[PDB]
Amino acid sequence: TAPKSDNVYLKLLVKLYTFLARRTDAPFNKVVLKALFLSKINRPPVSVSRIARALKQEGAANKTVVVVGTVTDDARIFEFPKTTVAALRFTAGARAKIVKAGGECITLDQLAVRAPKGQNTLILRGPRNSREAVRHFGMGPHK
Amino acid sequence: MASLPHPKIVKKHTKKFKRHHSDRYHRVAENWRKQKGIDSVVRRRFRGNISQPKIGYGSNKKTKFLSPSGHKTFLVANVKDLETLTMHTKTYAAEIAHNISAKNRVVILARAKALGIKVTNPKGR
Amino acid sequence: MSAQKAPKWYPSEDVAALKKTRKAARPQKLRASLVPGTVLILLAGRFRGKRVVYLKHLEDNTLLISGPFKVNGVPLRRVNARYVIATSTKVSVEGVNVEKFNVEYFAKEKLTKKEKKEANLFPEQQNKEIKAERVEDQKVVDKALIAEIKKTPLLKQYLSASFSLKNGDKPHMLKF
Amino acid sequence: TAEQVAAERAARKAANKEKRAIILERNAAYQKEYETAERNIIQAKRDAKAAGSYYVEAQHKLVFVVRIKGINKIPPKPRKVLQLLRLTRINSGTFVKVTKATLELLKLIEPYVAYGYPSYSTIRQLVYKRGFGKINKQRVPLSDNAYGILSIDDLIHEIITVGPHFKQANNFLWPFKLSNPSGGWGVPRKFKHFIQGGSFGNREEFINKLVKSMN
Amino acid sequence: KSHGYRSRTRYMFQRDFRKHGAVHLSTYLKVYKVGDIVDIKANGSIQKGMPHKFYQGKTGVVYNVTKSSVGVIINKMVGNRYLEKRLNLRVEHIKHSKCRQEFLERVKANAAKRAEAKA
Amino acid sequence: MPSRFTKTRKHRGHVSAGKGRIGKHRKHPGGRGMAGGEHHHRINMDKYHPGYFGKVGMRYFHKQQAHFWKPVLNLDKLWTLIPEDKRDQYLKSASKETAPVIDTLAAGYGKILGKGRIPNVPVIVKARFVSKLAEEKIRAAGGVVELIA
RNA sequence: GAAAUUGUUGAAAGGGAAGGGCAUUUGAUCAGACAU
RNA sequence: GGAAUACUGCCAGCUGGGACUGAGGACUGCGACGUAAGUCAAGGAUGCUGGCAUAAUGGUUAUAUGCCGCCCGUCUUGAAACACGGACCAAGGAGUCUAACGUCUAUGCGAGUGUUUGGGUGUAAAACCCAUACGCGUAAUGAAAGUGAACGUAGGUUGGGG
RNA sequence: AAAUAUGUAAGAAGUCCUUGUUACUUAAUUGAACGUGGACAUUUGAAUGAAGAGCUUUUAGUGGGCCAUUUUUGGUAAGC
């Protein structure tokens, strides 16, 4: 599996990771492989606001958030955050505001020739739609 | 291009396997067709009657599509094409074409005649 | 469970205040003299469903039978040697047991006591009047599965290596 | 230099070496444990008729309980029973310890299976022969995902005197795929029985032979 | 022939033998426990502490104790899926149980430390 | 258009569905279109819906309410986070140092209500009130709202 | 200039009937393998 | 008294008769045998010695012959049916289209997103370019008048895991 | 008053110890419910099995059924 089909490049990434993993020991790989695979839903779309709450604090932030998908602008009028964390793509305001911060928009490949280990990397992925539920008639969720 | 002992190990049903009642009634035609009907003694498969045919009868990879006696094939049908096989031997080997003319043909032979390659459509016109 | 044993007071049934359950046994074999005292077992029959004290002190080839303690028809014929008689004593133990433990003409099942098997005949008196003295004349002979059985010592010794050794006994019979 | 190619070697070789003179400082030796007792019990019964009784002696092992029938049209409980006593094939067969959660089950199946009651040799062969692995045989080799202990002759040396870590051992062996009767058949009608002839029941003794012909 | 809420009950919701009336004022004392496992058992004297049929014989666990006589609850679940339904029974109808292996929890643990020092 | 049907044009004499055991016209769909009201095909799911599954509210003859909305959890973007700008100073106070005017010419830009946090010193132009938690929030930090008679 | 279908030549088979399926005998016919 | 056979076993004890089967550099790794170089077989299938044949061997095919096999499609618990359709060939014939929607899965953007009609232009139904709009979405709840969110957590912890 | 079938429970996140929270009712050092700190789990009857396990969406057909063995209802009976 892991496929997904499309953007060759997108595929190439799969390789480098599938290439690591099985290869490398560890986890942050295993995880980010079976992650590289997943379909457009159940694939969040974590926002800087997130990648921010997340970092600072939780008692650790010298780590590199690795949101395996897009990564939204959002508007938390101030704070944020100066950290290095990326992957799939990033929205304007994002790698932009993440550029004010400013850490490094990591491009999940680069962030592997670095992340070679996996240490100080926080895998942050999150949320549920968009749609409820079903099935309205109890009552319960709506529509 | 040394060939697995699978000459005649191909494969069973050396035998058309053709449409059911059609071995009879007039405008019943080609093949396999699985009398897909609610009763036909075939689709059921009581003793006697056609034999239907289904994966597992298939031919054993290590002597699969080639398959010939020589082995492989290709309608070499334009000199350069009739290369496309130059360095590659034996295994694989060419056939001319429904299409490929009379003149051009003697060549195609010729040319490959020497390039080292085998013509199935040996003859032709 | 369970384990080990003994007994020795009557034949049989004993030692309660806690009690027994099963079959202190000794494979009720036989059968002295030539071809008398025989497994005579009635073919002359309308089927397996029968039995009752066959034992002609009559003569021998002058032996006689029965058909129940009695109340579905209870007959009583004679016999002599090789007919409604031989030649199977059962398929024993295993059918031979079913039998004994279907002498619930006194309340058992998997309970206490065993043969406790009624009166005499070389049942006891046999391995119970005397105590097979040779059980001693047994010790004398060690003899062992020994000689060639066995002979591993003077043979398979060179194989007790293969014992667990897929090894030597892979070398020959047992492969893939 | 590549004397490292001769490093592991000295090891491996001698290494293997040890283990086996081990596999065999034992694998015989035990064929005395086994032998030893088999005489005792004899002698025991004899000390019996040294006087009286003795000597009722209980067992225990059990019993290759080998499926003497089918799939198509079988019970509904007694089905799942078979399934969990784990024997999903016609003429197939496992081994199961004589414990009442075993026994009980056995009986709930008795009708349609065949509680033999293993012999020694029958175990050897029924091991070694068709018997082995989730995939075949090489001693301490494969047989040391043990790890309690190793030796095909040790899988036996447990199984055929079960107890101790023992029968998580029997968790191992896809079991049987034994032969259909081979020589003899088992008299006339089989698929119903016990005594009365047939099959369907718990021989002993005469539990082996109907196995003896198979593997 | 009809399907009323005590239907068929003629012998289930039976009574007694000779104990044919009046709650054993013991069966009335005794204290619940927002956790302890109860075992339904209807008794015609009462009548909330009548447990509407199916939940007959069925043992569950006290989830409510409105101890003002109002017995507890428990639920259990039933057929197809097991959707666990809860029923507010009354103090006169339910009874203790055989969680009486905690006696052997004890036996265990204790005898097992006395096993520590023993070993 | 090699759909999923063509794969069917062969095996079975139908697909949808079971030979002759069903397959009719506007048919079995009891009625042609949302029919089986309180009768046939009913089972709820459902209902109300301020329209068609149980009627009751109040009528009129309507028109256009008011293009409103804009929360205060972000009265910063609002229209002035442009640059921005009149930024992290203090103004100071009222006068004309930081006036963002949440509105338009015909039907609105919001009713500054929201959650939020703010921090510094915005003047807020509007009429869409409001929130009074809003008020209490802007003035939380030198905040001051103005309306339009 | 297909087919249904008809003529002729040529072969083959037939004790109330049509024609399958597996193996082979016989006859007819064909490919490969050519080893230089 | 002294054996003897019978019968039931289990050998790691010897050897005959037949049958079918051969699917990978080394290697291997497990072993044995040999006191010793090395040998088997042990493993990776089976390798050896000798003979035959310019149509020999198989492929089709039509025949005979042993055995077996009833009409399909059809709705039916139930079809060979003493149920219906069909004498025989050709060529035609049937889940499409649209509006508007549910999932789910691609792709772009992404707190935003789509140009919409309509402008600009053009090698002219193309392609490429863009307004003040609009639609949907970022707020909910009420019949309605209204009123409307922290602490993108430190008046949310609590067990959950990766 | 059976047999068959039918509820539960099981080794164990569990006990054992220390105290802390207020709307609860006890007169409360009364408990209740919850939570901190502390001793021991791989656990010394349960057995036997696991091609993990859990979970979410969706959308076909189906709704005319028929056989047997036992247990039965009607009916002289029934290929009812």
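Yeah, the Cβs are placed from backbone N, Cα and C, and that goes for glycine too.
Swiss-Prot marks one residue of C:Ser12, C:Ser33, C:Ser162 as phosphoserine, namely C:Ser12.
The Cβ of C:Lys128 (ubiquitin cross-link) has C:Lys8, C:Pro11 as same-chain neighbours under 8 Å, each 6 or more residues away in sequence. There are 11 other Cβ atoms within 10 Å of the Cβ belonging to C:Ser2 (N-acetylserine). Over all protein chains present, the Cβ of C:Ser12 (phosphoserine) has 19 other Cβ atoms lying within 10 Å. When the alpha carbons of C:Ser2 (N-acetylserine) and C:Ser12 (phosphoserine) are compared, the span between them is 20 angstrom.
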